[PDB]
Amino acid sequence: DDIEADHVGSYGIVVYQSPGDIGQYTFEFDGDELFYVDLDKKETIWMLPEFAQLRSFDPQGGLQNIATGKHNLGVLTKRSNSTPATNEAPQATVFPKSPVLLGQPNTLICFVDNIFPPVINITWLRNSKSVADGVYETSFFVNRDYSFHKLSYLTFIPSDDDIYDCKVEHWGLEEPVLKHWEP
């Protein structure tokens, strides 16, 4: 069923949700995040800074299409007689970016798939304590089944006495789910 090609560019994916007027505007190329537009700062945030020096995108295009999202989400909601979205339980998988070496700076990656709707909290735990630094995450990527996936990154130094957990909080989960990981 899936369409095949050498490359796939998604120039302007719009995700608009209610309540809360929640929006995301992104550009994808071959599955990777080119950028997302920060709607509050009206700024295009590039995944790879080096790219922004050779290409660009006016955030206004993001604002415009996001506005149309707000418009279409209302026409469609009403048209569906308010059929709400059906929650899904997301799944997390934790792995290191590169081979783990004692005392060698590394990055722990938490891949979360089957996210729907696209609202979630992904945080990290070290020795059961939440981490607040060196944590970054991608935007919501689109999936063929229209659910989403997202990845969170945690910089850390491999150690024999350190424990890690990727915590995922979502409406489709009764309690936050912890995906454990140890070197």
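Residues carry their position along the shown sequence, with the first being 1.
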Stretch with higher mean Cα temperature factor, 122 to 130 vs 51 to 59, is 122 to 130
As the entry reports it, the stretch among 21 to 29 and 162 to 170 with higher mean C-alpha B factor is 162 to 170
In terms of its chain's C-alpha B-factors, the third that includes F156 is the highest
On the chain's distribution of Cα B-factors, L101 falls within the third called highest
